[PDB]
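This document starts with two versions of one protein chain, written out as structure tokens and named structure 1 and structure 2.
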Structure 1
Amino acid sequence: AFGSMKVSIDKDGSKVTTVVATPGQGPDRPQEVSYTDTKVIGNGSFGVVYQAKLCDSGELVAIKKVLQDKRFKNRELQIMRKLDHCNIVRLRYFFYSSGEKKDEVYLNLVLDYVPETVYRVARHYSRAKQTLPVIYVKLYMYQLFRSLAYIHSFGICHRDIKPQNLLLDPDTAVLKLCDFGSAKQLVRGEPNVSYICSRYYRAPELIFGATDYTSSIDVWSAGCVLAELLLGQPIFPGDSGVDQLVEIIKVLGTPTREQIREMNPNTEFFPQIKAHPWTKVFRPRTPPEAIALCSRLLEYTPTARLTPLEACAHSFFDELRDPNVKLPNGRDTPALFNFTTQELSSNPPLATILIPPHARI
């Protein structure tokens, strides 16, 4: 509820804001953090998003101001405090302040500022009528699956996987999953809203307001991003659920009676067609292993889909396990192999493939 912040004008003199903030991870050992160059860069649904500079290190950061319900505990924050992973945006600090000349208090989350996103990259290439080199597709997709394997291991579903939510460092090629505002920890037995995911990336079972859904929704969504990188445009577009199910059906074929029961909780019910050759979908020199990956991620039945961890171990990623592999700009790839026990808990025998001979030495 409380804590103050102060506003000194410098020798230059820039506006400097100094707050007393809690660390993301670690114990409650509050810290004086001081920043300047405050600009609005996004404005999210629930409040606003600024960029700023830390006065000492000079590093840029992002600050997400959100209205705070005095009544209850904040679900985004509580999750962001649990999570610690090289492919997940980091919560450096949080604190409470007052906007906005009122009774109301705002929660501010201080985060790694990353300018680039998969969205913007994919689009740049798409505008130029070009294809993103497969090697970035492998990098980016693989790293996303790590983040999913990790959060899922705690029973947390992101619920909002899309390209705008995958941040990239341009030089390193590191991907950090961001925006955990829809994430929730799923308890089997307890139901969930069905209107959570964004429009190109919703799993068929969501499109039918299922509320008993599992974490595999993130895998569907992730399969959508992969395909989009391959195709240079969304695979399942439509302004309407109906429109989107048409597209899906066009590619997967006609859901079986039983499958249609899995998703729609009623069977029941208006479209019909037969199974698309998956290979007719992509450009002709598209890697067959990529197409396989897609089909195993974009399954009607939720349990038929690969787990994140299994996708990480898929053929299409063999090139990242190569010891010689480097980025186009000839730096090394990011760390792709320092798996934790947590990260492999879904299925530990997979480390066998995930961790290449060379990485053990």
Structure 2
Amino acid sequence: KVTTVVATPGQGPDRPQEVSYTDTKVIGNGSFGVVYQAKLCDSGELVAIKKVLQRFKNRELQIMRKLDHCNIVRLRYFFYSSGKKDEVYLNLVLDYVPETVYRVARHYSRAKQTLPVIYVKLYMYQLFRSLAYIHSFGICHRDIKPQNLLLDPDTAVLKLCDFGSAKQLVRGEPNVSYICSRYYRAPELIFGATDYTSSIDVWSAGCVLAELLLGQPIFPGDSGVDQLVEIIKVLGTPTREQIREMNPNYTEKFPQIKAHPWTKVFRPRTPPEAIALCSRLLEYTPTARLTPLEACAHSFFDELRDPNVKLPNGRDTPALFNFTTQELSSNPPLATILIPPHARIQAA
């Protein structure tokens, strides 16, 4: 069965064209609508088709049309379709990716093993590249969690997906505080900040890292203040200064506790660079957190810059040094750390 629609390509000229697809199968339902898998007839490539029910322009579409990066799911095409009367659906044709960081972590947890640190480095590094890319546009993802990090098992390529929560943060324009997935929600958000920055994604990324080291979510909070209590149980109670920086409008009730040492949080053999990276991502003070490009340059990722590095299956490392000007724009001189001599494109 072949379906043909008029669609606009995600990138390039804003010109509609005929696109045809087959082997249409539902791969999930959601609050937004339905997601299908299908095969493009022209190339034969697998794609996902996210069908979203639409007063306002679709923010997810506006954000997605601007993005093209190796560590983000690419919007191939979009097109409109109809459902009841006056119901309009936006259809996003996206790269298909079979696995997630959530499923890989769950596999290891069930086998009572932690993910080898090399995979933790590979996944986190790619996530940081994706964050550096989107943050350059002022776009904050606001839903960083293992479920939204797609993986191709063979190549170990990670791609960030689900821009349904994403927003361009503009200084002085307030934003909703109840926004990320709860275990990954930055403390400023729990304190009711509406003037928060993209650094909320970095906290989320820190939670993912810690999770991949621990074998389970580091802050598995219940509803209410209990999420904040879980955080305090590791970082300790925030000072009044830290509270001010998180939310200058903080409306005054949590327990007073001293920080548990980071080294004691993780398993005894956890590499010290991993703990050091976590401690620089999971800071109460939003401005104290590493930027994504600074995270990529951290010594925890030194192994990925070693010329002799191979994946456990013997297959080639995925692309790690094809940096874009978007990613490098916050600190171009850091490219001498990030891209070692063996990976440097040569003058020829």
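Think of the rigid core as the biggest set of C-alphas that the two forms share within 1.5 Å after superposition. Residue numbering: sequential along structure 1, first residue numbered 1.
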Exercise. For the list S295, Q31, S315, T301, which one shows a CA move of 2 Å or more between structure 1 and structure 2 after the core is fit?
Worked result: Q31
Exercise. After the core is overlaid between structure 1 and structure 2, has the C-alpha of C55 moved by 2 angstroms or more?
Worked result: yes
For this session: Fit the two forms on their core, then tell me the C-alpha shift of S240 between structure 1 and structure 2 in angstrom.
Result: 2.0
Exercise. By how many angstrom is the Cα of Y136 displaced between structure 1 and structure 2 when the rigid core is overlaid?
Worked result: 0.4
